[PDB]
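Participant: Take a look at the following structure, please.
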Amino acid sequence: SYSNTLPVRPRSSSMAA
Amino acid sequence: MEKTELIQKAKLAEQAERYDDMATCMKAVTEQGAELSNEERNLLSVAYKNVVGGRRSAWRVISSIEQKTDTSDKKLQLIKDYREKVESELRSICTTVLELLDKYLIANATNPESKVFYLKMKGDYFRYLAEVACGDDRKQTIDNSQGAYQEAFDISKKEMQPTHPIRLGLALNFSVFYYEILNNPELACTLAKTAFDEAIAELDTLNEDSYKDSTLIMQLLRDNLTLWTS
Amino acid sequence: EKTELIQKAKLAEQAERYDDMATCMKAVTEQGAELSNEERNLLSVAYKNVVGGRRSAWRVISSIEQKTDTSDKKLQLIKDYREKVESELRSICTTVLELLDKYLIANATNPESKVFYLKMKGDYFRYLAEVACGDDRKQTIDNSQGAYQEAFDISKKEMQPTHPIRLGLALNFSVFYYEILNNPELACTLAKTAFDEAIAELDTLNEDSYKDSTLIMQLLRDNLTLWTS
């Protein structure tokens with residue numbers, strides 16, 4: 001898998017994808 | 001580009017989580033005048049829902065931050081201008097989608113599935129507009145959302161069984177419209193509850209192709225009901 | 001005035017609008033004054049999230065390409081798309097690197113921020129190396145290596161092993177040894193050295209920076225467990 005590195009990237013439920 | 005390759009790149013872009021490119025592809029396909037399969041329509045919905053969603057969430061965050069107290073009229077002006085920019089983008093997106101719907105998709109669909117899908121979509125994006133609208137514009141956007149939703153609802157009730165996924169999702173979004181746009185929680189609760197009860201009533205007779213989707217949607221209906229019963 | 005720009009950068013951050021954020025921080029950086037620590041974190045977060053989507057997208061598209069039959073008529077569209085994404089990634093990394101060489105590194109006044117920026121230089125040169133070929137790949141890998149090495153020495157001389165910046169530099173530099181140079185033992189030794197040296201003096205660490213250092217260290221031993229398989 002990809003190694004880890006430092007800098008990383010109530011309501012109502014409507015119909016989703 | 002040929003329709004086939006436009007689809008290929010829409011799917012590739014979806015795999016790449018690049019939804020602006022996906023939406024551009026599907027917008028091209030739609031403008032070519034050709035009717036879209038179920039698959040292609042769902043590519044349109046996924047693409048544009050992802051594009052707009054980021055703007056909706058950003059607008060929610062920024063609005064919430066705007067209600068914070070003890071803030072300088074200056075800082076408040078900056079916050080409001082940013083919320084206005086996001087608002088502008090959102091309106092542009094919803095506008096493009098609705099132009100595609102009225103100009104191509106809704107117009108050239110006699111098929112009940114497609115008619116309901118596109119009318120529902122119209123209600124959805126007019127609702128997205130309604131949640132950020134001002135004054136008379138607001139009343140117009142609401143009336144249009146509600147109108148499209150209503151037409152879809154009628155067509156479904158006359159042409160589609162209660163277990164059908166588009167009928168169910170339509171009920172879901174229409175009831176969320178009642179709850180959040182019209183602030184009528186009672187009618188939203190009865191709408192969702194009627195959808196769910198009519199679905200479970202005929203669940204044993206539902207085909208095993210659409211079971212997977214309609215069960216999930218039904219669970220969403222019940223989620224919203226329970227949430228709306230505080 | 002960086003004040004209004006910082007305000008907007010933070011709004012964008014919480015709104016996850018990282019293009020706007022990167023615009024704000026780019027403008028601030030180009031004002032010419034040295035960046036505070038929060039402002040450096042804002043820059044890094046912004047451009048990290050900008051380039052990230054293109055790194056992941058590129059990974060996906062490349063995976064699809066190298067698992068597609070070469071005689072397939074639909075291959076050239078995949079290729080063209082990967083090359084477009086790669087072009088955007090190159091554009092972004094080039095922007096960051098210009099910001100570092102022209103403004104931040106030239107005017108960095110304290111070792112903490114100098115190490116921060118050198119680490120960043122290594123990171124984005126590494127992002128370029130991940131998608132480069134030929135001599136271009138050689139020289140980009142070299143630049144990454146050099147940035148990481150300078151930052152590493154300076155950190156050894158001017159910081160404690162618990163400092164979040166030193167730790168993070170060790171993390172990313174080890175990942176450079178693993179993914180780029182392909183020497184898993186040396187990457188493991190970097191990670192383990194940094195982790196052990198950090199725990200040794202964990203008691204001389206700031207309570208506020210504790211969460212950050214802890215986070216990084218967890219990434220370090222996570223990497224160690226992974227690579228040892």
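Chains: A, B, ... in order of the structure tokens. Residues: from 1 per chain. Ligands: from 1, in order shown.
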Contacts from chain A to chain B, 6 Å maximum, only C-alpha atoms: show me the residue list as a ChimeraX atom specification.

Facilitator: /A:12,14-15,17

Participant: Restrict the calculation to only C-alpha atoms, then for each residue of chain A with any atom at most 10 Å from an atom of chain C give the closest atom pair and their distance in Å to one decimal, rows by chain and rising residue number, as JSON lines.

Facilitator:
{"residue": "A:1", "atom": "CA", "partner": "C:226", "partner_atom": "CA", "distance": 8.0}
{"residue": "A:2", "atom": "CA", "partner": "C:179", "partner_atom": "CA", "distance": 8.8}
{"residue": "A:3", "atom": "CA", "partner": "C:223", "partner_atom": "CA", "distance": 5.9}
{"residue": "A:4", "atom": "CA", "partner": "C:219", "partner_atom": "CA", "distance": 6.1}
{"residue": "A:5", "atom": "CA", "partner": "C:172", "partner_atom": "CA", "distance": 5.3}
{"residue": "A:6", "atom": "CA", "partner": "C:168", "partner_atom": "CA", "distance": 5.5}
{"residue": "A:7", "atom": "CA", "partner": "C:45", "partner_atom": "CA", "distance": 6.8}
{"residue": "A:8", "atom": "CA", "partner": "C:48", "partner_atom": "CA", "distance": 7.3}
{"residue": "A:9", "atom": "CA", "partner": "C:49", "partner_atom": "CA", "distance": 5.4}

Participant: For chain B, which of C:43, C:200, C:78, C:194 is the closest residue, counting only C-alpha atoms?

Facilitator: C:78

Participant: Give as a ChimeraX atom specification every residue of chain B that touches chain C within 9 Å, counting only C-alpha atoms.

Facilitator: /B:5,8-9,12-13,15-18,54-55,57-62,65,75,78-79,82

Participant: If we count only C-alpha atoms, what is near region 107-112 of chain B at a cut-off of 10 Å, once residues fewer than 3 positions away on the same chain are taken out, given as a VMD selection string?

Facilitator: chain B and resid 33 to 36 100 to 104 115 to 118 152 155 to 156 158 to 160

Participant: Quick one: pull the distance between CA of residue 210 (chain B) and CA of residue 226 (chain B), Å, one decimal.

Facilitator: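 According to the coordinates, CA of residue 210 (chain B) and CA of residue 226 (chain B) are separated by 24.6 Å.
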
Participant: Please determine, counting only C-alpha atoms, which residue among B:123, B:192, B:11, B:44 has the shortest atom-to-atom distance to residue 13 (chain A).

Facilitator: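 Nearest to residue 13 (chain A): B:192.
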
Participant: What is the distance between CA of residue 140 (chain C) and CA of residue 180 (chain C), in Å to one decimal?

Facilitator: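 Going from CA of residue 140 (chain C) over to CA of residue 180 (chain C) covers 10.7 Å.
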
Participant: Select, from B:147, B:53, B:185, B:162, the residue with the minimum atom-to-atom distance to residue 119 (chain B), counting only C-alpha atoms.

Facilitator: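 Ranked by minimum distance to residue 119 (chain B), first place goes to B:147.
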